[PDB]
Amino acid sequence: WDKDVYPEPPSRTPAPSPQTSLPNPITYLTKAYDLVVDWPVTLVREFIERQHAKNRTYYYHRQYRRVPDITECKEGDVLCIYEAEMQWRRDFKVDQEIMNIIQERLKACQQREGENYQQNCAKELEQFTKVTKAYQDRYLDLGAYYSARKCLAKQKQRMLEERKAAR
Amino acid sequence: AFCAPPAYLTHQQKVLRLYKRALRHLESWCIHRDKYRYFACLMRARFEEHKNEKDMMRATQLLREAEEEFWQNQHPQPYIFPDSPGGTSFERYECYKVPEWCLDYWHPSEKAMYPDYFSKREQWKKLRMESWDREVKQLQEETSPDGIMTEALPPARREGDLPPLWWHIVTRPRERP
Amino acid sequence: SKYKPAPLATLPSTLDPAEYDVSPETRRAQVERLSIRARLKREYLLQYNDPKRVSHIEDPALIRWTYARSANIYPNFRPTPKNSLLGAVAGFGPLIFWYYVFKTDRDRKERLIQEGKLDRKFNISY
Amino acid sequence: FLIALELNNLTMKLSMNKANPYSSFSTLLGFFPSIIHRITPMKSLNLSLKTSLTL
Amino acid sequence: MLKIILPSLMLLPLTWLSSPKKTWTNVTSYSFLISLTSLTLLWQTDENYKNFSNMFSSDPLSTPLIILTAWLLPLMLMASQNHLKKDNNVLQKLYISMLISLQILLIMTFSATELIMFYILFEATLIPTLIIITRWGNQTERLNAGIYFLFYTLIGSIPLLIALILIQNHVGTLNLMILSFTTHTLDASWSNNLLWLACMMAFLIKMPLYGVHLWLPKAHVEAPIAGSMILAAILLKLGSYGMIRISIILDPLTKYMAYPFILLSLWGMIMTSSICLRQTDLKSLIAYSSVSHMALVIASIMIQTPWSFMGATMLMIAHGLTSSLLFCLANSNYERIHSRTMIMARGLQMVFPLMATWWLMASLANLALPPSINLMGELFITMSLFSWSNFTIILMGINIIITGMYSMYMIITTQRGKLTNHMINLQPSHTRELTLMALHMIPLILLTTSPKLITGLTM
Amino acid sequence: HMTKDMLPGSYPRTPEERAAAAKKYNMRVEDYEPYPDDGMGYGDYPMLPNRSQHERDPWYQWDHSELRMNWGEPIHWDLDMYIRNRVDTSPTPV
Amino acid sequence: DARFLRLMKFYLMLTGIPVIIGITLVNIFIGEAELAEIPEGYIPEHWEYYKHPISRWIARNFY
Amino acid sequence: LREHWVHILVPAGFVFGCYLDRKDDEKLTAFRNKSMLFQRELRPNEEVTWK
Amino acid sequence: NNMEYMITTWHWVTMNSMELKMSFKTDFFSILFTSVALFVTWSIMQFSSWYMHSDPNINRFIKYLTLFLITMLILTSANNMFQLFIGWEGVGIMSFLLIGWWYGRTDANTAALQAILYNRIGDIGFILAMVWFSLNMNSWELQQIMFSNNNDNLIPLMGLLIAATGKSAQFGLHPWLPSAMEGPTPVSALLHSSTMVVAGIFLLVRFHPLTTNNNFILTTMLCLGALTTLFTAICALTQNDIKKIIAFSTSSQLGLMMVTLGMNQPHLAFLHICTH
Amino acid sequence: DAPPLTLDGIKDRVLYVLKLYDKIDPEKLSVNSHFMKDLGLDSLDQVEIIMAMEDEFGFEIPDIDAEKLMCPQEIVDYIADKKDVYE
Amino acid sequence: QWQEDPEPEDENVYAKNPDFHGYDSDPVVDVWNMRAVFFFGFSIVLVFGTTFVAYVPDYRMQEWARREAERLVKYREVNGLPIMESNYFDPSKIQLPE
Ligand SMILES: [Zn+2]
């Protein structure tokens, strides 16, 4: 994962400071898990990845050239508009997994910062509104027949308002 | 459950069936045995007196005021036995009382094991078909003379014959398999 | 006090006057009804206990019940009052009730959205 | 426990003690079972068969 | 999409040409594979709808169904091998062919670009269905049921015929692709307010709405099991598929012209759900269960929110599979019992141990148990309906409580309690009966693992 | 197998019809009390006492055990309600 | 109700295990691919854009 | 084939189905490389972007 | 170390904005309960082997008991509420299967239908809360729902309170837990006694961060918890069935548990659940 | 759990109880000995006897069939028949 | 009464053919009508079908969009652009009325 698309804070751990003669029942167990559960598995896994690296293959990420958007597309020309409703229905999803990440990045930031979520985790929630106030302003009223012509109108009904209110 | 219901009830069976409902609903208020064995021989006294009333009218006026005394002096949660209707185990084991006409669709493999079992079962099924004629005829030859019919069925009355309609009182699912 | 049978919690057998009825007639019906049931009982009990039978005992008393309840209804329908007044309050009554329940809500919602009060926060779905 | 002990003991005194008015409201579960289980299932099924289904 | 179709047509030659003894296996085995070719349409790596050719297309909404339509023909032919095994060897080959034509026609209707191609194929499906119901129907009343099934659909159908020819003149082509990418915005006149009703009413009729659903209880009652499976699983959903593709046009009016139906459906959902509560005929109860769970769908294809639509797509595919499963097991009881009465036949688990497990899972699918697509579906329609008006939960809340009650009552008075004393002894279960069921539920378990495939066009 | 004459018909208008129906339903002619004629469909179906199967003698060998109903006895119109599961009209101590 | 399962639990397990052997051995020895940059004019073929080997053996051969 | 020819009837349908299917592709061949999104110059030794 | 863990094992659907995933939380409530529940379960299965000895279907009975435990633990450790729903409905259905173990007895069947009806009335509340959290703040995952602290959160928590009252036998629809005793005694111990009933108390502790904000619902359950405590206790005084008296005591103690949740003292309420 | 009954263990208990009823002499109680015509007891004492038996064997003899448990033996086969003891 | 047949009973096909599988009366057709139905039904549709359906790649692009977001979120955040700007069709392209 891209430490930058799915961030993750650096870790700060208090150091071991035992103050009891008794023996910790956790440290012993781990010493076992590490030998009877991890080593055995670790061995297999590696052997997996070397089997992979022999005939290493690659897969790319289709890059879609940008076609002309409905805003510029003849009326009635089903050809151009078809290529332009897809370009949008495509960005209706790319603009949706982005919102999936903010749904996620936050969820983690409230598990990683419990009892402080009220505060420490406000870098995100400020963003979850900076992103939700936008998704609400370009994709929400629309029916289940969402189309670029309708986002073009949902916007342009309001561009009057950012022009009637302003005036 | 076995014997058939009489059409109308007599005076007696109504009185003598209160002596049961009453004494048994007195062991729900009086739990301890002693208190009971006391408070109950005092009950019989109540029934013991007014035993020889010959004045029917009166008798049916003591009975009708007994069963109202009782209805208002009954226990909401009496002691009803574990396996009797209304009980706690009533019809519990009925999920295991399959009706025995179902062993007739068993695969020849299943019935292959359990061999002597089906050797005796085929005998009994021969008994059943061997008498249906003598039975139904009995049931009929002994029919009522165009009179009141009860749910009672006749006994055998001849050697070799089997009590009429005996296939489901006998050969009935075991109570607690 | 005195038990008071209601349509539910009915009068028990005991405490019931008619039980305490021994008029000749009653004991003539009470013995004339067992006959019908004994007669029907001895028409079930030697046809179910019949060897050599595979056909389905029918219980025609149940077939007279279903026919009476789903195929003998409309042939016995006569439109009266207490039937059409009550046959319109049931079909259109609530159907008109909820319309003014849903219209008023949907209209309240719409107004508020139009005027700018409804928060619709963190609602990115619908 | 103290109060319950005494009452229980008093029971075994050859002195018959029947229910007080409340004992019934106590033993048959406050009567919520006797009343709300016979009315609701009765007036919810009567309306389907008699009114919504047949009428 | 002519492999899902041409190979299908060829089934007809095989049912006729094949040996009388081997006719059943050739047909059932081959259409199982016909379903396997159908699965290829599911390969949609991209968003673009797969326009196979001018007349034939498959988009997310049709694809989940075409596969179900192909899947049930095998099952239908397996559920009707018993009854219809008493026929003359030419009545069978007619029934098998009739079933074959239904999915040929239904596959095309669900996979049709031109809306009037939908109409011609849409209303043709009545011919095969009416024959299946009337010709082989056991009860004296199927002549009547057939009449009800033909007239309610037909009187609705001619208005749609006039409406679609009308839009062709107004827009100039009934091609669903273009009609979508073209500006057809009705103008809220009094007339348009009629157009909208003309287009939706024919679809609303075969999707039983509370007002016109009397045809479905009567039809499934006397219909043979294969006809009842087809009506519940694919035939009723033809109405839903139509409402999704036709409301692309008539975009503005449904905002305010839907209230009448929405309220008819939600109140209808409660009353249809409730009468299931005391109906003596099991096939009767499943049919009203079908009306109520389809009344939810017309109330999501009208609210028109993304979630509704795929709630609808989820529920339609799911309820289709569940209903058949219920209609199929109802038949197995009917054939041994010989009566549709629910009160008789009590205690079957005691004598048919597994069929009861199938009965239990079918009922849990019927009510909304959560790790099931059936629940996901209702949960979503419920959400949107709540968005339409928070009060909707009350009515969609009385239905959930009632739906739990009748679903379990079918299990409690049919598959539990003491065994019936001695009905004609109930012969053990055939392996066909059990598979016909397994074939219904194993797909219900597999689809619930990955709900994305049946989510609809919206998502 | 069931004749139309052995199946429910219209409200018994004349007294001979009220005694003919009582045969069909295996009842006593003086106990057949047709449901009130208000045209709601009941027809000739007997108006049997509205008592639930709960208080039918729980010991007697009822042919149909669980419905506590014998074979032939007129079934009650609402037996889907007063059955041993759904509703309980049964006398209560209070 | 037992002959059925030995047949259903069998003919699923008949073709089921050779699959499971197939998914496991492919996923083990051959493996999913690792993502890369389109190399200045590779114009990758339809099969090149998918990860799993099995999910590309099909795409290349049939779609 | 001892009257098992019947079997081929259905399979054969698939083959003709796929054949007729290709025919349609051949017909709907305009825009082969004119689709704005996918308009590319033919790579060496390739006369058809999609066949 | 007093540290928690949210584990997202498998993704089920993206469903656009609302992604759905299978998540197990490991907060203090979840692991403390997981240990207490299995200890009780380990006790009961051994009891079950002795109690149902001579039952012809012992294996099926043990099978359903563990399926109950699997649904109960899923209900315990559920991050998104869709999984909480899977557990909430799931224990309801297996309770139906296990209260009426002896299907033949109509009394057991009547109680089983009772239990499903009361649970489904409760389900309407959870669906309402789920739908409100599927709209307004948007995700069924607890980690985000808790960001709805400064919102209204009354429409939703009233829904969960309704769900708890049905599942936890509060004064409204209190009768099915007494009725549930128609089940086998081991079934009565592990599900009627501990795991199934505490589910309603557990749900509100999970959603308490939201509960502390709304004063109105806190006193609402304090009030009904209080009424059930005495109402059930007074009924228990005269009952003459040993299993029934214990069951009423199960309801009262939970009435006390409801009272502490009503007085906004979530941690101690959980402590009583374990000791109870 | 407990051991099943026998047609001679369901007979020794029935005679046992009755031998403890004061009115019924314990030396003239014989299984074929009728309660009301041979031993002397009244009608009310039949109800009381049966009830003892219902409490010795833990089940309820239906009244319609309990109204006839006269012989001190009918009680011994009826109890056994109701409990399926084929000896 | 008119001439018509007496009710035909339904045979206990399980009496002969005790291995009846429910498909046909004669046994061999029975066996060969389940050996081909469990096989074509379960063995190569529920198995091969689920295998193929499971391996459909990035169905409806939802495997592609969780990366394109990641680069867009990678690119938008690092270059300081708003992660989801608030107008999609650029305002400049739109020609509003007057
Ligand atoms: Zn034991």
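Above this note sits the structure.
Residues numbered from 1 in each chain as written, not as in the entry; some residues may be left out. Chains lettered and ligands numbered in written order. Part of a larger assembly, values for the part shown. Heavy atoms only, no water.

Draft legend 1. Representation of the pairing of strand β2 (residues 20–25) of chain I within the structure. All names here are of chain I. Pairing analysis gives 6 bridges linking strand β1 (residues 6–13) to β2, with the strands arranged antiparallel. Each residue of the ladder has a partner; that of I7, found in β2, is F24. The loop that links β1 with its antiparallel partner β2 comprises 6 residues; one of these, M15, has a positive phi angle of about 45°. (Pairing = 2+ DSSP bridges. Helix = DSSP H or I, 4+ residues; strand = E, 2+ residues; numbered from the N terminus.)

Draft legend 2. Layout of the state of the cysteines. Under the criterion given, the structure shown has 2 disulfides over all chains. The partner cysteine of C73(A) in its disulfide is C80(A), sulfur to sulfur 2.1 Å. Under the relative-accessibility criterion, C80(A) is labelled buried at 17%. Bridging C109(A) to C121(A), the disulfide has an S-S length of 2.0 Å. Remark: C121(A) occurs in the loop between α2 (78–108) and α3 (123–135) and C109(A) occurs in the loop between α2 and α3; sequence separation between them is 12 residues. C109(A) gets classed as buried once you look at its relative accessible area, which sits at 6%. In this structure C151(A) is a free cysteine whose sulfur lies 15 Å from that of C73(A), the closest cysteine sulfur available. Looking at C151(A), the relative accessible area reads 2%, which means it is buried. As a non-bridged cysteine, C102(B) has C95(B) as the owner of its nearest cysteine sulfur, 15 Å distant. (Disulfide = S-S within 2.5 Å. Buried < 20%, exposed > 50% of the residue type's maximum accessible area, 1.4 Å probe, protein only.)

Draft legend 3. Spotlight on the interface of chain B and chain I. With 11 residues of chain B at the contact, the number on the chain I side is 13 residues. Both faces considered, chain B and chain I share a buried interface measuring about 950 Å² in area, 43% of it formed by carbon and sulfur atoms. Its largest share of buried area at the contact with chain I, chain B owes to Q77(B), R92(B) and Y96(B), together 49% of the area lost on that side. Run the count over chain B and chain I and you get 0 salt bridges. Connecting chain B to chain I are 9 residue pairs in polar contact. Across the side of chain B that touches chain I, the residue classes break down as 3 nonpolar, 5 polar and 3 charged. (Contact = heavy atoms within 4.5 Å. Buried area = accessible area lost by both parts, 1.4 Å probe. Salt bridge = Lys/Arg side-chain N within 4 Å of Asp/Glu carboxyl O. Polar contact = N/O pair within 3.5 Å; in protein donor to acceptor, adjacent residues only side chain to side chain. Nonpolar A, V, L, I, M, F, W, Y, C, P; charged D, E, K, R; others polar.)

Draft legend 4. Quick peek at the environment of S30(J). Take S30(J): it is sitting in the loop between α1 (12–19) and α2 (44–56). Classification of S30(J) by relative accessible area gives partly exposed; the value is 34%.

Draft legend 5. Just the packing of aromatic side chains, in detail. All names here are of chain E. Enumeration according to the criterion identifies 83 aromatic pairs over all chains in this entry. Ring geometry for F118 against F203: centres 5.6 Å apart, planes inclined by 65°, an arrangement best described as edge-to-face. Here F118, found in helix α6 (residues 115–124), pairs with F203, found in helix α10 (residues 192–206); they are 85 residues apart in sequence, far enough to count as distant. Since its relative accessible area comes to 3%, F203 is described here as buried. Summarising the aromatic geometry, the rings of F149 and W215 are spaced 5.2 Å apart at their centres and angled 20° between planes, so their arrangement reads as stacked. (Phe/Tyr/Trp six-rings, centres within 6.5 Å; stacked < 30°, edge-to-face > 60°.)

Draft legend 6. A nonpolar patch on the surface, seen in detail. On the surface, a cluster of nonpolar side chains totalling about 780 Å² of accessible area is made up of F47(A), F10(G), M13(G), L14(G), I17(G), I21(G), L25(G), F29(G) and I30(G). Element by element, the count of residues in the nonpolar patch is highest for helix α1 (residues 3–30) of chain G, at 8 residues. Tracing the chain through its elements places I30(G) in helix α1. (Patch = residues over 30% accessible without salt bridge, like charges linked within 9 Å, V, L, I, M, F, W, Y side chains within 5 Å. Areas by Shrake-Rupley, 256 points an atom, 1.4 Å probe, with all protein chains shown as cover.)

Draft legend 7. View of α1(G). When the terminal C-alpha atoms of α1(G) are compared, their 39 Å separation across 28 residues agrees well with the 40 Å that a helix rising 1.5 Å per residue should span. The largest bend in α1(G) comes to about 30°, at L14(G), with the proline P18(G) one to four residues further on. Inspection of α1(G) places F4(G), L7(G), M8(G), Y11(G), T15(G), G16(G), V19(G) and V26(G) among the buried residues, and these make up the whole buried set. On its buried face, α1(G) sits against α17 (353–366) and α20 (431–449) of chain E, α2 (54–62) of chain G together with α1 (27–34), α2 (37–46) and α3 (48–54) of chain K. Immediately beyond the C-terminal end of α1(G), within one or two residues, lies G31(G), with a positive phi of roughly 80°. (Expected span 1.5 Å × (residues − 1). Bend = angle between axes of the 7 residues up to and from the residue.)

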